[PDB]
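Visitor: What follows is the file upload27.csv, containing CSV, C-alpha atoms and all ligand atoms:
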chain,number,residue,atom,x,y,z
O,14,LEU,CA,-6.5,12.5,-27.1
O,15,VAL,CA,-5.1,14.3,-24.0
O,16,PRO,CA,-5.3,12.4,-20.7
O,17,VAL,CA,-7.8,13.7,-18.1
O,18,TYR,CA,-6.5,14.6,-14.7
O,19,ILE,CA,-8.9,14.8,-11.8
O,20,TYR,CA,-7.6,17.8,-9.9
O,21,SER,CA,-9.1,20.5,-7.6
O,22,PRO,CA,-7.7,22.4,-4.6
O,23,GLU,CA,-10.9,21.6,-2.7
O,24,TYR,CA,-10.5,17.9,-3.5
O,25,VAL,CA,-6.8,17.6,-2.7
O,26,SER,CA,-7.3,19.3,0.7
O,27,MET,CA,-10.3,17.0,1.3
O,28,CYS,CA,-8.0,14.0,0.7
O,29,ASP,CA,-5.2,15.2,2.9
O,30,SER,CA,-7.6,14.8,5.8
O,31,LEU,CA,-7.4,11.0,5.9
O,32,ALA,CA,-5.2,10.3,9.0
O,33,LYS,CA,-3.6,7.1,7.5
O,34,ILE,CA,-1.8,9.1,4.8
O,35,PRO,CA,-1.5,12.8,6.0
O,36,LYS,CA,-0.7,15.2,3.1
O,37,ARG,CA,0.0,12.4,0.6
O,38,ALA,CA,-2.3,14.0,-2.0
O,39,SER,CA,-0.6,17.4,-1.9
O,40,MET,CA,2.8,15.8,-2.2
O,41,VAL,CA,1.7,13.7,-5.2
O,42,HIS,CA,0.0,16.6,-7.0
O,43,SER,CA,2.8,19.0,-6.1
O,44,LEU,CA,5.5,16.8,-7.5
O,45,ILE,CA,3.5,16.2,-10.7
O,46,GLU,CA,3.0,20.0,-11.0
O,47,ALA,CA,6.6,20.8,-10.3
O,48,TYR,CA,7.4,18.7,-13.4
O,49,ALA,CA,4.7,20.8,-15.1
O,50,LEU,CA,3.0,17.6,-16.3
O,51,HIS,CA,-0.5,19.0,-15.7
O,52,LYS,CA,0.5,21.3,-18.6
O,53,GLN,CA,0.0,18.4,-20.9
O,54,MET,CA,-3.3,17.1,-19.4
O,55,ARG,CA,-7.0,18.0,-19.3
O,56,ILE,CA,-7.5,19.2,-15.7
O,57,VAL,CA,-11.1,18.4,-14.7
O,58,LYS,CA,-12.8,19.3,-11.4
O,59,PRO,CA,-14.5,16.3,-9.8
O,60,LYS,CA,-18.2,16.3,-8.8
O,61,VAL,CA,-19.1,15.1,-5.3
O,62,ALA,CA,-20.9,11.7,-5.5
O,63,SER,CA,-24.6,11.6,-4.8
O,64,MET,CA,-26.3,9.3,-2.3
O,65,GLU,CA,-28.0,7.6,-5.3
O,66,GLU,CA,-24.7,7.0,-7.1
O,67,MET,CA,-23.1,5.4,-4.0
O,68,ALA,CA,-26.2,3.3,-3.6
O,69,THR,CA,-25.4,1.6,-6.9
O,70,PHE,CA,-23.1,-0.6,-4.8
O,71,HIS,CA,-23.4,0.1,-1.1
O,72,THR,CA,-26.5,-0.6,0.9
O,73,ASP,CA,-28.6,2.2,2.4
O,74,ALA,CA,-28.3,0.8,5.8
O,75,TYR,CA,-24.5,1.1,5.4
O,76,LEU,CA,-24.7,4.5,3.7
O,77,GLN,CA,-27.2,5.7,6.4
O,78,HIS,CA,-24.8,4.6,9.1
O,79,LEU,CA,-21.7,6.0,7.5
O,80,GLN,CA,-23.6,9.3,7.4
O,81,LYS,CA,-25.0,9.1,11.0
O,82,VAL,CA,-21.4,8.4,12.2
O,83,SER,CA,-20.1,11.4,10.2
O,92,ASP,CA,-22.9,-0.2,17.1
O,93,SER,CA,-20.4,1.0,14.5
O,94,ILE,CA,-18.5,-2.2,15.3
O,95,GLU,CA,-21.1,-3.8,13.0
O,96,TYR,CA,-20.0,-2.1,9.8
O,97,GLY,CA,-16.3,-2.5,10.3
O,98,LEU,CA,-16.0,1.0,11.8
O,99,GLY,CA,-13.3,0.6,14.4
O,100,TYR,CA,-9.5,0.3,14.5
O,101,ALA,CA,-8.7,0.2,10.7
O,102,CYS,CA,-11.7,2.2,9.7
O,103,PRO,CA,-12.4,4.7,12.5
O,104,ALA,CA,-15.8,6.5,13.0
O,105,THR,CA,-14.1,9.8,12.3
O,106,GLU,CA,-16.1,13.0,11.8
O,107,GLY,CA,-16.4,13.8,8.1
O,108,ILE,CA,-15.4,10.4,6.6
O,109,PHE,CA,-18.8,10.4,4.8
O,110,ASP,CA,-18.1,13.7,3.1
O,111,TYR,CA,-14.6,12.4,2.5
O,112,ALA,CA,-15.7,9.1,0.9
O,113,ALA,CA,-18.3,10.9,-1.2
O,114,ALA,CA,-15.6,13.2,-2.7
O,115,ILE,CA,-13.4,10.2,-3.6
O,116,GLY,CA,-16.3,8.1,-5.0
O,117,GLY,CA,-17.5,11.0,-7.1
O,118,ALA,CA,-13.9,11.7,-8.2
O,119,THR,CA,-13.7,8.2,-9.7
O,120,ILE,CA,-17.2,8.3,-11.2
O,121,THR,CA,-16.4,11.7,-12.7
O,122,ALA,CA,-13.3,10.1,-14.3
O,123,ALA,CA,-15.3,7.2,-15.7
O,124,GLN,CA,-17.8,9.5,-17.4
O,125,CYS,CA,-15.0,11.1,-19.4
O,126,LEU,CA,-14.0,7.7,-20.8
O,127,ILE,CA,-17.6,7.1,-21.9
O,128,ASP,CA,-17.7,10.5,-23.7
O,129,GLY,CA,-14.6,10.0,-25.9
O,130,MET,CA,-13.3,13.1,-24.1
O,131,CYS,CA,-10.1,11.1,-23.7
O,132,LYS,CA,-8.7,7.6,-23.8
O,133,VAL,CA,-7.2,7.8,-20.3
O,134,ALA,CA,-8.5,9.4,-17.0
O,135,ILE,CA,-6.5,9.7,-13.8
O,136,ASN,CA,-7.4,9.9,-10.1
O,137,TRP,CA,-4.5,9.0,-7.8
O,138,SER,CA,-6.4,9.7,-4.6
O,139,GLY,CA,-8.7,6.8,-5.5
O,140,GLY,CA,-8.3,3.1,-5.5
O,141,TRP,CA,-9.9,2.1,-2.2
O,142,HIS,CA,-10.4,-1.6,-3.1
O,143,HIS,CA,-11.2,-3.3,0.2
O,144,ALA,CA,-14.6,-2.0,0.9
O,145,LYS,CA,-17.6,-4.4,0.9
O,146,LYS,CA,-21.2,-3.5,-0.1
O,147,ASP,CA,-22.2,-3.0,3.5
O,148,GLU,CA,-18.9,-3.0,5.4
O,149,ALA,CA,-15.8,-0.8,5.6
O,150,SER,CA,-12.5,-2.7,5.4
O,151,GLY,CA,-8.7,-2.0,5.4
O,152,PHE,CA,-9.1,1.8,5.6
O,153,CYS,CA,-11.8,2.0,3.0
O,154,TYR,CA,-15.3,3.4,3.8
O,155,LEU,CA,-16.5,3.3,0.3
O,156,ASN,CA,-15.4,1.4,-2.9
O,157,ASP,CA,-14.7,3.9,-5.6
O,158,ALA,CA,-13.1,1.2,-7.9
O,159,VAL,CA,-16.5,-0.6,-8.1
O,160,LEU,CA,-18.5,2.7,-8.5
O,161,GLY,CA,-16.1,3.4,-11.4
O,162,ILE,CA,-16.7,0.0,-13.0
O,163,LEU,CA,-20.4,0.1,-12.5
O,164,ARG,CA,-20.4,3.5,-14.3
O,165,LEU,CA,-18.3,2.2,-17.2
O,166,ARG,CA,-20.9,-0.6,-17.7
O,167,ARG,CA,-23.3,2.1,-19.1
O,168,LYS,CA,-21.3,1.9,-22.3
O,169,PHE,CA,-18.7,-0.9,-22.1
O,170,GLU,CA,-19.7,-4.6,-22.2
O,171,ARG,CA,-16.5,-6.2,-21.0
O,172,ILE,CA,-14.4,-4.3,-18.3
O,173,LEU,CA,-11.0,-5.6,-17.2
O,174,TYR,CA,-9.8,-4.7,-13.7
O,175,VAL,CA,-6.1,-5.0,-13.0
O,176,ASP,CA,-5.0,-4.5,-9.4
O,177,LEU,CA,-1.2,-4.0,-8.9
O,178,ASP,CA,-1.4,-3.0,-5.3
O,179,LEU,CA,0.6,-4.9,-2.7
O,180,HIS,CA,-2.7,-6.3,-1.3
O,181,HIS,CA,-5.3,-8.5,-2.9
O,182,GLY,CA,-8.2,-6.4,-4.2
O,183,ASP,CA,-10.7,-8.5,-2.3
O,184,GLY,CA,-13.4,-5.8,-2.3
O,185,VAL,CA,-13.6,-5.3,-6.0
O,186,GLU,CA,-13.3,-9.1,-6.7
O,187,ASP,CA,-16.2,-10.0,-4.4
O,188,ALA,CA,-18.4,-7.3,-6.0
O,189,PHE,CA,-18.0,-9.1,-9.4
O,190,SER,CA,-17.2,-12.7,-8.5
O,191,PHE,CA,-20.7,-13.9,-9.8
O,192,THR,CA,-20.5,-12.2,-13.2
O,193,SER,CA,-18.4,-12.6,-16.4
O,194,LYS,CA,-19.1,-9.0,-17.6
O,195,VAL,CA,-16.2,-7.7,-15.4
O,196,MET,CA,-13.0,-9.7,-15.0
O,197,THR,CA,-10.5,-9.0,-12.2
O,198,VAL,CA,-6.8,-9.7,-12.1
O,199,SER,CA,-4.8,-9.2,-8.9
O,200,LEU,CA,-1.0,-9.6,-8.4
O,201,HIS,CA,-0.5,-9.3,-4.7
O,202,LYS,CA,1.5,-10.8,-1.8
O,203,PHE,CA,-0.1,-14.0,-0.4
O,204,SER,CA,1.0,-15.5,2.9
O,205,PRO,CA,-0.8,-16.6,6.1
O,206,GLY,CA,-1.4,-13.7,8.4
O,207,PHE,CA,-1.0,-11.0,5.7
O,208,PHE,CA,-4.0,-8.8,5.1
O,209,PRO,CA,-6.6,-9.5,3.9
O,210,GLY,CA,-5.7,-13.2,3.7
O,211,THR,CA,-7.5,-14.0,0.5
O,212,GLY,CA,-6.7,-14.5,-3.2
O,213,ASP,CA,-4.8,-17.7,-3.6
O,214,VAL,CA,-4.3,-19.1,-7.2
O,215,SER,CA,-7.2,-21.5,-6.6
O,216,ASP,CA,-9.6,-18.6,-6.1
O,217,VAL,CA,-11.3,-18.0,-9.5
O,218,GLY,CA,-14.9,-16.8,-8.9
O,219,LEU,CA,-18.3,-18.4,-8.4
O,220,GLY,CA,-21.2,-19.5,-10.5
O,221,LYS,CA,-21.6,-17.7,-13.8
O,222,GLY,CA,-18.4,-16.0,-13.0
O,223,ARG,CA,-16.2,-19.1,-12.6
O,224,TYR,CA,-12.7,-18.4,-14.1
O,225,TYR,CA,-13.5,-14.7,-14.5
O,226,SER,CA,-11.3,-13.9,-11.4
O,227,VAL,CA,-7.5,-14.3,-11.7
O,228,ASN,CA,-5.2,-14.2,-8.7
O,229,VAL,CA,-1.4,-14.3,-8.7
O,230,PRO,CA,-0.1,-15.0,-5.2
O,231,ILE,CA,3.5,-13.8,-4.7
O,232,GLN,CA,6.2,-13.7,-1.9
O,233,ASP,CA,8.6,-11.1,-0.6
O,234,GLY,CA,11.6,-9.8,-2.5
O,235,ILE,CA,10.3,-9.9,-6.1
O,236,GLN,CA,12.0,-7.3,-8.2
O,237,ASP,CA,11.2,-5.5,-11.5
O,238,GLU,CA,12.2,-8.1,-14.1
O,239,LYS,CA,10.7,-11.2,-12.4
O,240,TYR,CA,7.5,-9.1,-11.8
O,241,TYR,CA,7.1,-7.8,-15.3
O,242,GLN,CA,7.6,-11.3,-16.8
O,243,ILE,CA,4.8,-12.7,-14.5
O,244,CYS,CA,2.5,-9.8,-15.2
O,245,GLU,CA,3.2,-9.5,-19.0
O,246,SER,CA,2.6,-13.3,-19.3
O,247,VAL,CA,-0.8,-13.2,-17.5
O,248,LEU,CA,-2.0,-10.0,-19.0
O,249,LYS,CA,-1.3,-11.7,-22.3
O,250,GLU,CA,-3.5,-14.8,-21.8
O,251,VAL,CA,-6.2,-12.6,-20.4
O,252,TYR,CA,-6.4,-10.1,-23.3
O,253,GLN,CA,-6.6,-13.2,-25.5
O,254,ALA,CA,-9.4,-15.1,-23.8
O,255,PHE,CA,-11.3,-12.0,-22.5
O,256,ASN,CA,-10.8,-9.4,-25.2
O,257,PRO,CA,-11.7,-6.5,-23.0
O,258,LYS,CA,-13.5,-3.3,-24.1
O,259,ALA,CA,-12.2,-1.0,-21.3
O,260,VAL,CA,-9.6,-1.2,-18.5
O,261,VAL,CA,-9.5,-0.1,-14.8
O,262,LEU,CA,-6.0,-0.1,-13.3
O,263,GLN,CA,-5.2,0.3,-9.6
O,264,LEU,CA,-1.5,1.2,-8.9
O,265,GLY,CA,-0.9,1.2,-5.1
O,266,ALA,CA,2.7,2.1,-4.6
O,267,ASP,CA,3.1,0.0,-1.4
O,268,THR,CA,5.0,-2.5,-3.7
O,269,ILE,CA,7.8,-0.1,-4.3
O,270,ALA,CA,11.1,-0.5,-2.3
O,271,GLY,CA,11.3,1.8,0.7
O,272,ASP,CA,7.7,1.4,1.8
O,273,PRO,CA,7.4,0.7,5.5
O,274,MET,CA,5.4,-2.4,4.4
O,275,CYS,CA,8.8,-4.0,3.4
O,276,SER,CA,7.4,-6.9,1.3
O,277,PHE,CA,7.9,-6.7,-2.5
O,278,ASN,CA,11.0,-4.8,-3.8
O,279,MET,CA,9.9,-3.0,-7.0
O,280,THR,CA,10.8,0.5,-8.4
O,281,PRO,CA,8.4,2.6,-10.5
O,282,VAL,CA,10.2,1.4,-13.7
O,283,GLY,CA,8.9,-2.1,-13.2
O,284,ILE,CA,5.2,-1.1,-12.8
O,285,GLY,CA,5.9,1.3,-15.6
O,286,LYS,CA,6.5,-1.5,-18.1
O,287,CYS,CA,3.3,-3.2,-16.9
O,288,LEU,CA,1.5,0.1,-17.5
O,289,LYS,CA,3.0,0.4,-21.0
O,290,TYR,CA,1.8,-3.1,-21.8
O,291,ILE,CA,-1.7,-2.2,-20.8
O,292,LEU,CA,-1.8,1.1,-22.6
O,293,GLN,CA,-0.6,-0.6,-25.7
O,294,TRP,CA,-4.1,-2.0,-26.2
O,295,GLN,CA,-5.4,1.6,-26.7
O,296,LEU,CA,-8.6,0.7,-24.8
O,297,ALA,CA,-10.3,3.3,-22.6
O,298,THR,CA,-8.3,3.4,-19.3
O,299,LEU,CA,-9.1,4.6,-15.8
O,300,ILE,CA,-5.9,5.0,-13.6
O,301,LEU,CA,-6.1,4.8,-9.8
O,302,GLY,CA,-3.9,4.9,-6.8
O,303,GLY,CA,-4.2,3.0,-3.5
O,304,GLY,CA,-1.7,2.0,-0.8
O,305,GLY,CA,1.6,3.8,-0.4
O,306,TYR,CA,3.1,4.6,2.9
O,307,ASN,CA,6.5,6.1,2.1
O,308,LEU,CA,5.0,9.5,1.2
O,309,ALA,CA,7.9,10.8,-0.8
O,310,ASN,CA,8.3,7.5,-2.7
O,311,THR,CA,4.6,7.3,-3.5
O,312,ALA,CA,4.8,10.7,-5.2
O,313,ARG,CA,8.0,9.6,-7.0
O,314,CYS,CA,6.2,6.6,-8.3
O,315,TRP,CA,2.9,8.2,-9.4
O,316,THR,CA,4.7,11.2,-10.9
O,317,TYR,CA,7.0,8.9,-13.0
O,318,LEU,CA,3.9,7.0,-14.0
O,319,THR,CA,2.0,10.1,-15.0
O,320,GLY,CA,5.1,10.5,-17.1
O,321,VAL,CA,4.9,7.2,-18.9
O,322,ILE,CA,1.3,7.9,-19.5
O,323,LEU,CA,2.5,11.0,-21.4
O,324,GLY,CA,5.4,9.5,-23.2
O,325,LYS,CA,7.7,12.1,-21.7
O,326,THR,CA,10.9,11.1,-19.7
O,327,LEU,CA,11.4,13.1,-16.6
O,328,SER,CA,14.6,14.6,-15.0
O,329,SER,CA,16.5,12.7,-12.3
O,330,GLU,CA,16.7,15.8,-10.1
O,331,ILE,CA,13.7,16.5,-8.1
O,332,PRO,CA,12.5,20.1,-8.9
O,333,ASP,CA,12.3,22.5,-6.0
O,334,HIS,CA,8.7,22.9,-4.7
O,335,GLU,CA,6.8,23.0,-1.4
O,336,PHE,CA,7.9,19.6,-0.3
O,337,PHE,CA,11.4,19.5,-1.7
O,338,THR,CA,12.9,18.8,1.7
O,339,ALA,CA,11.1,15.5,2.0
O,340,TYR,CA,13.1,14.0,-0.8
O,341,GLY,CA,16.4,13.5,1.0
O,342,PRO,CA,19.1,12.3,1.3
O,343,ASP,CA,19.6,12.0,-2.5
O,344,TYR,CA,16.9,14.2,-4.0
O,345,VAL,CA,16.4,12.2,-7.1
O,346,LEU,CA,13.4,10.6,-8.9
O,347,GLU,CA,14.8,7.1,-9.1
O,348,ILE,CA,14.4,4.5,-6.3
O,349,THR,CA,17.1,1.9,-5.6
O,350,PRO,CA,16.1,-1.7,-4.6
O,351,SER,CA,16.9,-2.9,-1.1
O,352,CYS,CA,19.5,-5.6,-0.5
O,353,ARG,CA,17.4,-8.6,0.5
O,354,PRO,CA,16.6,-12.0,-1.1
O,355,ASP,CA,13.7,-12.6,-3.5
O,356,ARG,CA,11.8,-15.5,-1.9
O,357,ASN,CA,10.1,-16.6,-5.0
O,358,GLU,CA,11.3,-20.1,-5.9
O,359,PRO,CA,11.1,-20.0,-9.8
O,360,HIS,CA,9.4,-23.4,-10.0
O,361,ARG,CA,6.4,-22.2,-8.0
O,362,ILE,CA,5.9,-19.2,-10.2
O,363,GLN,CA,5.7,-21.6,-13.1
O,364,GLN,CA,3.2,-23.9,-11.4
O,365,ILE,CA,1.0,-20.8,-10.8
O,366,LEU,CA,1.3,-19.4,-14.3
O,367,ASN,CA,0.3,-22.8,-15.8
O,368,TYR,CA,-2.6,-23.2,-13.3
O,369,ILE,CA,-3.6,-19.8,-14.6
O,370,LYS,CA,-3.1,-20.7,-18.3
O,371,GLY,CA,-5.4,-23.7,-17.9
O,372,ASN,CA,-8.1,-21.6,-16.2
O,373,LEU,CA,-8.2,-19.1,-19.0
O,374,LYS,CA,-9.0,-21.7,-21.6
O,375,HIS,CA,-12.5,-22.1,-20.1
O,376,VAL,CA,-13.3,-18.5,-21.1
O,377,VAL,CA,-15.6,-18.5,-24.2
C,1,LIG,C1,0.5,1.5,13.7
C,1,LIG,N1,0.6,0.9,12.3
C,1,LIG,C2,1.8,1.1,11.6
C,1,LIG,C3,-0.5,0.0,11.8
C,1,LIG,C4,-1.7,-0.2,12.6
C,1,LIG,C5,-2.8,-1.0,12.1
C,1,LIG,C6,-2.6,-1.7,10.9
C,1,LIG,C7,-3.7,-2.6,10.3
C,1,LIG,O1,-4.7,-2.7,11.1
C,1,LIG,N2,-3.6,-3.1,9.1
C,1,LIG,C8,-4.5,-4.0,8.5
C,1,LIG,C9,-5.1,-3.4,7.2
C,1,LIG,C10,-4.0,-2.8,6.3
C,1,LIG,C11,-4.6,-2.0,5.2
C,1,LIG,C12,-3.8,-1.9,3.9
C,1,LIG,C13,-4.4,-1.1,2.8
C,1,LIG,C14,-3.8,-1.4,1.5
C,1,LIG,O2,-2.6,-1.1,1.2
C,1,LIG,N3,-4.5,-2.1,0.6
C,1,LIG,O3,-4.0,-2.4,-0.5
C,1,LIG,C15,-1.4,-1.4,10.1
C,1,LIG,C16,-0.4,-0.6,10.5
C,2,K,K,-15.7,-11.7,-12.4
C,3,K,K,-3.1,-6.6,-5.9
C,4,ZN,ZN,-2.0,-2.1,-0.3
Any chance you could put this one into structure tokens?
Guide:
Amino acid sequence: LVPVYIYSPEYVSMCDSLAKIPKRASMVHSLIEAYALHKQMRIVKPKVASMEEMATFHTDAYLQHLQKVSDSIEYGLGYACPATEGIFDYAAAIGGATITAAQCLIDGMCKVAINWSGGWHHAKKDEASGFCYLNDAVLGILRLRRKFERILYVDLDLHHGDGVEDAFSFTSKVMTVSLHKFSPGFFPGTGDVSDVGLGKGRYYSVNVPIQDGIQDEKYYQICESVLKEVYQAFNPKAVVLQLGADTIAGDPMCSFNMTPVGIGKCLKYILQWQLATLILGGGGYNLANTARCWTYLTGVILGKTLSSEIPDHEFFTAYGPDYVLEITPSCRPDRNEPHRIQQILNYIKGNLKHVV
């Protein structure tokens, strides 16, 4: 009944090697440890993923190439996803870390597993995208299929989880839900409310397009509402939740305007179903704030309520100028006309009827 935590000094150091977010893993783990939250969790070392396990989703041609590299401009290995030395070993560690976490759920060893360094949702079966060379969220879902018959994927990252959606857009065994910013020119440019899946998977893909400024209350209402209709019509067996913190105020991305307390309520709501739950990270470019967010969340997963003062630890200096765990919203307008949010929620409502 104690949450599993995918930790390991070799793993955390492996993660800190990704140039896009230098040292974010240490910072997150460290802050979580400074609150001594690992004290109330089942620390589990992650096993590196095998070439046969990655092959359950990615193609050999792609996997062979990722390896060779560790005409790249043919697999999406360029600006966003560089042909860096070691990415292969890097991806394997993150894929295996999520697979290792999934196995625990299908062994009753716990009702919740955590891997903050995971959540790379943009990767396609044979192509790297938006900083992702391998899709651990899919590997994790394909692993949960072994025991669970209906998996629900909720993506709370600032960006549309296109990679995971495409992977399952033709099936009704796995349903994806994504609340993300949608606007022309904003990566990856997919996921409008009209997007609902294809073929035998029609309606088993839910997309909530949102605009800048949205704050905690407006966001929870929207999320709580949709997660409601979905638990109704789908009646999931297990849940995979991606929690990219690039939605939180202060992120250089400067779009949404959330705080960890908003996402927290959404997390509570999902945990209330007591279904098996695999927690993942994702985007998050204000390093200190990402740690503030995932630590607080690790805290709602445990029922505990953390101190407002940031405990002294290796990265204590990065929490200035106030040195607290709370995040204050920025002073800028919510651009979500309340009438459009309703149109969308109805359009959703209607679409869920079609489910069994
Ligand atoms: C120098 N600098 C600040 C940047 C340079 C390039 C990009 C970019 O290509 N972006 C497109 C892909 C963005 C990936 C977002 C990953 C994510 O959060 N997914 O949810 C961005 C910033
Ligand atoms: K689907
Ligand atoms: K999202
Ligand atoms: Zn993101």
Visitor: Neighbouring residues of ligand ZN 4 (chain C) are defined here as those with any atom at most 6 Å from a ligand atom, counting all atoms listed in the file; list them as number ranges by chain.
Guide: O: 178-180, 265, 267, 304
Visitor: Tell me which protein, DNA and RNA residues are within 9 Å of residue 314 (chain O), counting only C-alpha atoms, leaving out same-chain ones fewer than 6 positions away, and put them as a ChimeraX atom specification.
Guide: /O:41,266,269,280-282,284,346-348
Visitor: Each residue of chain O lying at most 10 Å from ligand LIG 1 (chain C) should get a row with its shortest atom-to-atom pair and the distance in Å to one decimal, counting all atoms listed in the file; could you produce that, ordered by chain and increasing number, as a tab-separated table?
Guide:
residue	atom	partner	partner_atom	distance
O:33	CA	C:LIG1	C3	8.9
O:99	CA	C:LIG1	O1	9.8
O:100	CA	C:LIG1	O1	6.6
O:101	CA	C:LIG1	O1	5.0
O:102	CA	C:LIG1	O1	8.7
O:140	CA	C:LIG1	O3	8.6
O:141	CA	C:LIG1	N3	7.4
O:142	CA	C:LIG1	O3	7.0
O:143	CA	C:LIG1	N3	6.8
O:150	CA	C:LIG1	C9	7.6
O:151	CA	C:LIG1	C11	4.1
O:152	CA	C:LIG1	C11	5.9
O:153	CA	C:LIG1	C13	8.0
O:176	CA	C:LIG1	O3	9.2
O:177	CA	C:LIG1	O3	9.0
O:178	CA	C:LIG1	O3	5.5
O:179	CA	C:LIG1	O3	5.7
O:180	CA	C:LIG1	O3	4.2
O:181	CA	C:LIG1	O3	6.7
O:182	CA	C:LIG1	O3	6.9
O:183	CA	C:LIG1	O3	9.2
O:201	CA	C:LIG1	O3	8.8
O:207	CA	C:LIG1	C8	8.3
O:208	CA	C:LIG1	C9	5.9
O:209	CA	C:LIG1	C9	7.1
O:263	CA	C:LIG1	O3	9.6
O:264	CA	C:LIG1	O3	9.5
O:265	CA	C:LIG1	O3	6.6
O:266	CA	C:LIG1	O2	8.5
O:267	CA	C:LIG1	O2	6.4
O:268	CA	C:LIG1	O2	9.2
O:273	CA	C:LIG1	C2	8.3
O:274	CA	C:LIG1	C16	8.6
O:302	CA	C:LIG1	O3	9.6
O:303	CA	C:LIG1	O3	6.2
O:304	CA	C:LIG1	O2	3.8
O:305	CA	C:LIG1	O2	6.6
O:306	CA	C:LIG1	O2	8.2
Visitor: When the cut-off is 10 Å and you count all atoms listed in the file, which residues lie near ligand K 2 (chain C), shown as a ChimeraX atom specification?
Guide: /O:172-174,185-198,217-227
Visitor: With C-alpha atoms kept, could you save the residues just selected as a PDB file, in the coordinates of the input?
Guide:
ATOM      1  CA  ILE O 172     -14.400  -4.300 -18.300  1.00  0.00           C
ATOM      2  CA  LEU O 173     -11.000  -5.600 -17.200  1.00  0.00           C
ATOM      3  CA  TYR O 174      -9.800  -4.700 -13.700  1.00  0.00           C
ATOM      4  CA  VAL O 185     -13.600  -5.300  -6.000  1.00  0.00           C
ATOM      5  CA  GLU O 186     -13.300  -9.100  -6.700  1.00  0.00           C
ATOM      6  CA  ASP O 187     -16.200 -10.000  -4.400  1.00  0.00           C
ATOM      7  CA  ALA O 188     -18.400  -7.300  -6.000  1.00  0.00           C
ATOM      8  CA  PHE O 189     -18.000  -9.100  -9.400  1.00  0.00           C
ATOM      9  CA  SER O 190     -17.200 -12.700  -8.500  1.00  0.00           C
ATOM     10  CA  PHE O 191     -20.700 -13.900  -9.800  1.00  0.00           C
ATOM     11  CA  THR O 192     -20.500 -12.200 -13.200  1.00  0.00           C
ATOM     12  CA  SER O 193     -18.400 -12.600 -16.400  1.00  0.00           C
ATOM     13  CA  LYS O 194     -19.100  -9.000 -17.600  1.00  0.00           C
ATOM     14  CA  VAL O 195     -16.200  -7.700 -15.400  1.00  0.00           C
ATOM     15  CA  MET O 196     -13.000  -9.700 -15.000  1.00  0.00           C
ATOM     16  CA  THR O 197     -10.500  -9.000 -12.200  1.00  0.00           C
ATOM     17  CA  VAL O 198      -6.800  -9.700 -12.100  1.00  0.00           C
ATOM     18  CA  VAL O 217     -11.300 -18.000  -9.500  1.00  0.00           C
ATOM     19  CA  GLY O 218     -14.900 -16.800  -8.900  1.00  0.00           C
ATOM     20  CA  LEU O 219     -18.300 -18.400  -8.400  1.00  0.00           C
ATOM     21  CA  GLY O 220     -21.200 -19.500 -10.500  1.00  0.00           C
ATOM     22  CA  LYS O 221     -21.600 -17.700 -13.800  1.00  0.00           C
ATOM     23  CA  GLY O 222     -18.400 -16.000 -13.000  1.00  0.00           C
ATOM     24  CA  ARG O 223     -16.200 -19.100 -12.600  1.00  0.00           C
ATOM     25  CA  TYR O 224     -12.700 -18.400 -14.100  1.00  0.00           C
ATOM     26  CA  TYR O 225     -13.500 -14.700 -14.500  1.00  0.00           C
ATOM     27  CA  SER O 226     -11.300 -13.900 -11.400  1.00  0.00           C
ATOM     28  CA  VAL O 227      -7.500 -14.300 -11.700  1.00  0.00           C
TER      29      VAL O 227
END
Visitor: Ranking O:26, O:93, O:199, O:310 by minimum distance to ligand K 3 (chain C) and counting only C-alpha atoms and all ligand atoms, which one comes first?
Guide: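 Using only C-alpha atoms and all ligand atoms, the shortest distance to ligand K 3 (chain C) belongs to O:199.
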Visitor: Measuring between all atoms listed in the file, which one of O:262, O:15, O:292, O:362 shows the shortest distance to ligand K 3 (chain C)?
Guide: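 Of all the options, O:262 lies closest to ligand K 3 (chain C).
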Visitor: Which residues are near residue 324 (chain O)? Cut-off 10 Å, all atoms listed in the file, ignore same chain within fewer than 5 positions. Put them as a PDB file with C-alpha atoms, in the frame of the given file.
Guide:
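Result saved to around-v2.pdb:
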ATOM      1  CA  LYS O 289       3.000   0.400 -21.000  1.00  0.00           C
ATOM      2  CA  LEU O 318       3.900   7.000 -14.000  1.00  0.00           C
ATOM      3  CA  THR O 319       2.000  10.100 -15.000  1.00  0.00           C
TER       4      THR O 319
END
Visitor: Hey, which of O:202, O:313, O:51, O:42 ends up closest to ligand K 3 (chain C)? Count all atoms listed in the file.
Guide: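 Closest residue, counting all atoms listed in the file: O:202.
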Visitor: What's the 7 Å shell around residue 120 (chain O), counting all atoms listed in the file, without same-chain residues fewer than 3 positions away, as a PyMOL selection string?
Guide: chain O and resi 116-117+123-124+160-161+164
Visitor: Restricting the output to C-alpha atoms, write the selected residues as a PDB file, keeping the file's coordinate frame.
Guide:
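So again.pdb came out as:
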ATOM      1  CA  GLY O 116     -16.300   8.100  -5.000  1.00  0.00           C
ATOM      2  CA  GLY O 117     -17.500  11.000  -7.100  1.00  0.00           C
ATOM      3  CA  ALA O 123     -15.300   7.200 -15.700  1.00  0.00           C
ATOM      4  CA  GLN O 124     -17.800   9.500 -17.400  1.00  0.00           C
ATOM      5  CA  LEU O 160     -18.500   2.700  -8.500  1.00  0.00           C
ATOM      6  CA  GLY O 161     -16.100   3.400 -11.400  1.00  0.00           C
ATOM      7  CA  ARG O 164     -20.400   3.500 -14.300  1.00  0.00           C
TER       8      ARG O 164
END
Visitor: Region 45-48 of chain O: which residues within 8 Å, counting only C-alpha atoms, same-chain residues fewer than 6 positions away excluded, as a ChimeraX atom specification?
Guide: /O:312,316,319,327,332-334
Visitor: So what do you get for CA of residue 78 (chain O) versus CA of residue 21 (chain O), distance-wise?
Guide: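 Those two atoms sit 27.9 Å apart.
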